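**Student:** Please see the structure below; I have some questions.
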Amino acid sequence: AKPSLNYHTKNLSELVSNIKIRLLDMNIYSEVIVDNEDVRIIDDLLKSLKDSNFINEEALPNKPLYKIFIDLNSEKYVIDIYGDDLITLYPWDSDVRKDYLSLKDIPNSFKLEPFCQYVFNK
C-alpha cells in the first residue's frame with residue numbers, strides 16, 4: 001500500500017542469511033575490525049526489529065558518531081550511528097534513499113551506539 005520504510009533492511013536481512021564488520025570513529029577517523037565473537041550483533045539486531053522501528057526521512061546532524069561497514073560476499077552495506085538510538089542503513093554505493101530506524105524499544109544488548117564504544121574500548 002505504501003512506499004516501504006524498510007526497503008534496504010529487508011535486503012540486507014536476506015543477505016545476512018558470513019559477514020565482516022568494520023567500525024569507523026567519525027570524530028577521530030580511526031578504524032577497527034569487529035571480532036568474530038561480536039559480529040553476531042547484526043543478525044541479533046535485524047531479528048529483533050519490529051516494523052514500528054522504521055521511521056520516515058529526517059534532517060540529520062552534520063555527521064554520525066560512528067559508521068558500520070558490513071562486508072558481505074559481493075555486497076557492502078553501511079549503517080550510520082547517530083544520537084538517541086537513531087541509525088540509517090543503506091547499500092554502500094547507493095544512498096539516495098536511506099532506511100531510517102529508531103532503536104529505542106529494541107533489547108539493550110543490540111543497541112548500536114554503546115556497542116560501538118565497546119568494540120573500541122576492547
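How things are named: the first chain in the C-alpha cells is A, the next is B, and so on; residues count from 1 in each chain; ligands count from 1 in the order shown.
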For residue 21 of chain A, list every protein, DNA or RNA residue within 8 Å, evaluated using only C-alpha atoms, and leave out those in the same chain fewer than 6 positions away; present the list as a PyMOL selection string.
**Tutor:** chain A and resi 33-34+39+68-71
**Student:** Can you spit out the residues from that selection as a PDB file, in the first residue's frame, using C-alpha atoms?
**Tutor:**
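Written out: selection-v3.pdb:
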ATOM      1  CA  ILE A  33      37.698  -4.729  12.848  1.00  0.00           C
ATOM      2  CA  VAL A  34      34.847  -6.348  14.744  1.00  0.00           C
ATOM      3  CA  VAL A  39      29.857  -9.989  14.740  1.00  0.00           C
ATOM      4  CA  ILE A  68      29.492   0.485  10.431  1.00  0.00           C
ATOM      5  CA  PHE A  69      30.715  -1.216   7.222  1.00  0.00           C
ATOM      6  CA  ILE A  70      29.072  -4.578   6.743  1.00  0.00           C
ATOM      7  CA  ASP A  71      31.029  -6.507   4.158  1.00  0.00           C
TER       8      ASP A  71
END
**Student:** Excluding residue 23 of chain A and its own-chain neighbours fewer than 3 positions away, which residues fall within 12 Å of it when counting only C-alpha atoms? Please give them as a ChimeraX atom specification.
**Tutor:** /A:20,26,28-35,39,64-71,78-81,112-113,115-120
**Student:** Name the residues in contact with segment 8-15 of chain A at a cut-off of 7 Å, using only C-alpha atoms, excluding same-chain residues fewer than 3 positions from it; report them as a PyMOL selection string.
**Tutor:** chain A and resi 46+89-90+99
**Student:** With distances taken over only C-alpha atoms, which of A:105, A:44, A:51, A:58 is nearest to residue 82 of chain A?
**Tutor:**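 Checking each candidate against residue 82 of chain A, we get A:58 as the closest.
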**Student:** If you count only C-alpha atoms, which residues fall within 8 Å of residue 102 of chain A, apart from same-chain ones fewer than 5 positions away, as a list in words?
**Tutor:**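 Returned residues: residues 53, 54, 55, 84, 85, 86 and 87 of chain A.
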**Student:** Please measure the separation of atom CA of residue 74 of chain A and atom CA of residue 106 of chain A, giving the value in Å to one decimal.
**Tutor:** 28.7 Å
**Student:** Pick from A:22, A:121, A:36, A:111: nearest to residue 76 of chain A, with only C-alpha atoms counted?
**Tutor:**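 Ranked by minimum distance to residue 76 of chain A, first place goes to A:22.
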